[PDB]
Amino acid sequence: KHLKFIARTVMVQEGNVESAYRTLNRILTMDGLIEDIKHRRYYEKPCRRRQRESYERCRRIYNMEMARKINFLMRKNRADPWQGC
Amino acid sequence: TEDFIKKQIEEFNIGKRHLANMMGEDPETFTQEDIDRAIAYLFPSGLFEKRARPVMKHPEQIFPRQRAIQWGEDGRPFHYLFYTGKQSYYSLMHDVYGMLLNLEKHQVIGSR
Numbered sequence: 003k004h005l006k007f008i009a010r011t012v013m014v015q016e017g018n019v020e021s022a023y024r025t026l027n028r029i030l031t032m033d034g035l036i037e038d039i040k041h042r043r044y045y046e047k048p049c050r051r052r053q054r055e056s057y058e059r060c061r062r063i064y065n066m067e068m069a070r071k072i073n074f075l076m077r078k079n080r081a082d083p084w085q086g087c
Numbered sequence: 070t071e072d073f074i075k076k077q078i079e080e081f082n083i084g085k086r087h088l089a090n091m092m093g094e095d096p097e098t099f100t101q102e103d104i105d106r107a108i109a110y111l112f113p114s115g116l117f118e119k120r121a122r123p124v125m126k127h128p129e130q131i132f133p134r135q136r137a138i139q140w141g142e143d144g145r146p147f148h149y150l151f152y153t154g155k156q157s158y159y160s161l162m163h164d165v166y167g168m169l170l171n172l173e174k175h176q194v195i196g197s198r
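In order, the protein sequences belong to chains Q and G.
Residues in the first sequence are numbered from 3 upward in steps of one, following PDB author numbering.
Mapped onto PDB author numbering, the consecutive letters of the second sequence carry residue numbers 70 to 176, 194 to 198.
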């Protein structure tokens with residue numbers, strides 16, 4: 003019902019079809035549409051979906067915390083200022 | 070112990086004099102090399118291990134240089150880094166570090 007050639011449309015720049023397709027795929031991946039289709043291929047039971055979502059949230063939280071910890075600790079990754087002690 | 074080392078030194082001096090007498094040389098100018106040659110002649114040994122052959126060196130060399138207890142009668146250790154358990158190594162490291170600090174203050195071919 004909506005107007006066409008607006009949603010999920012990428013203009014090919016100077017005939018570079020491959021780059022345009024890559025940009026479109028990246029846009030869909032960023033918006034999660036590709037994963038949405040992959041998950042919607044078969045029915046995911048609500049308990050399974052809730053478990054997966056909780057696991058993903060916990061994994062993202064843990065990854066962010068670990069990245070913060072690594073960035074904080076890597077400030078000490080420099081030459082030893084007191085070598086020989 | 071230290072007294073044991075002193076006794077060994079006295080025994081070595083007496084034995085050096087006796088060996089100089091035995092080989093008919095001047096005790097006052099009987100070097101360590103003369104001692105070794107005399108011992109090798111008087112006590113020949115074909116054992117391949119040189120450390121197994123008879124030896125009458127100075128007690129400073131025969132006895133290990135680990136020395137006796139590293140503290141006096143009062144029990145106070147002589148070296149200030151004794152409690153490190155590696156006073157020689159850590160003293161050497163401290164001296165090297167001091168040398169590096171002094172170098173900071175001021176400012194291959196035939197050896198391995």
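We put the CB at the ideal spot given by N, CA and C, even for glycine.
- Taking C-beta separations shorter than 8 angstroms and ignoring five residues to either side along the sequence, the partners of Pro96/G in its chain run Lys85, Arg86, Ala89, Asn90, following chain order.
- Between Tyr152/G and chain Q, the shortest Cβ-Cβ separation is not below 8 angstroms.
- Below the 9 angstroms Cβ cutoff, chain Q contributes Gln85, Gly86 as neighbours of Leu169/G, in chain order.
- Annotation for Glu71/G: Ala137 place their beta carbon closer than 7 angstroms to its own, counting only its chain and skipping 5 residues before and after.
- When CB distances to chain Q are screened at a threshold of 8 angstroms, the residues of the stretch 155–169 of chain G falling below it are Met162, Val165, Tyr166, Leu169, in chain order.
- For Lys40/Q, the enclosing alpha helix (DSSP H) covers residues 35–42.
- Cβ-Cβ distances below 6 angstroms link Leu26/Q to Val12 in the same chain, with the five nearest sequence neighbours on each side left out; the list follows chain order.
- One alpha carbon belongs to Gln156/G, the other to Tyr166/G, and they sit about 15 angstroms apart.
- Taking 8 angstroms as the cut-off, the beta carbon of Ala107/G is found closer than this to the beta carbon of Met92/G.
- The residue from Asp103/G, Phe73/G, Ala121/G, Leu170/G with its alpha-carbon nearest to that of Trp84/Q is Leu170/G.
- Sequence-distant partners of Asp103/G (beyond 5 residues in either direction) whose C-beta falls short of 7 angstroms from its own C-beta, in its chain, are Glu94.
- Distance between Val124/G and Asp82/Q, taken at the CA atoms: about 49 angstroms.
- C-alpha of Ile36/Q to C-alpha of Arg80/Q: approximately 42 angstroms in a straight line.
- For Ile108/G, the uninterrupted alpha helix (DSSP H) run begins and ends at 101–111, by DSSP.
- Annotation for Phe74/Q: the continuous alpha helix (DSSP H) segment containing it runs 48–75.
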